[PDB]
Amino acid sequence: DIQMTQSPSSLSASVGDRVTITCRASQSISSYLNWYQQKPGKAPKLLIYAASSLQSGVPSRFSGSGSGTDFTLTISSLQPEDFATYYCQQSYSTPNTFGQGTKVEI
């Protein structure tokens, strides 16, 4: 029964400004965590697996860190295309369980 608090829950900032996100793992997941992004009316379109390694196109400013319990989702150059809700998922165990959503504002 794996569970993710993710804070903060709902944000707002300015173009090109550092924005930072957390998730604490009820359970140690090694590095077995994903971060999803999904603008409104769209689907989770993945930014990062195993904690950090991105995937192509994923613009330069997305930087996933941490392991075990505490992960950290820096978007450290927010731009206006980048506004949306950002999320955590373990692939660790099944059931897999999403984070519960920090929504960036531009």
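One-based numbering along the sequence shown.
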| query | finding |
| --- | --- |
| Given 68 to 76 and 31 to 39, the range whose Cα B-factors average higher in the PDB entry | 31 to 39 |
| Among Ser9, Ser14, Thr85, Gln89 - the residue whose C-alpha B-factor is largest in the record | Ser14 |
| Assigned third (lowest, middle, highest) for the C-alpha B factor of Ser53 | lowest |
| B-factor third for the C-alpha atom of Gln100 within its chain | lowest |
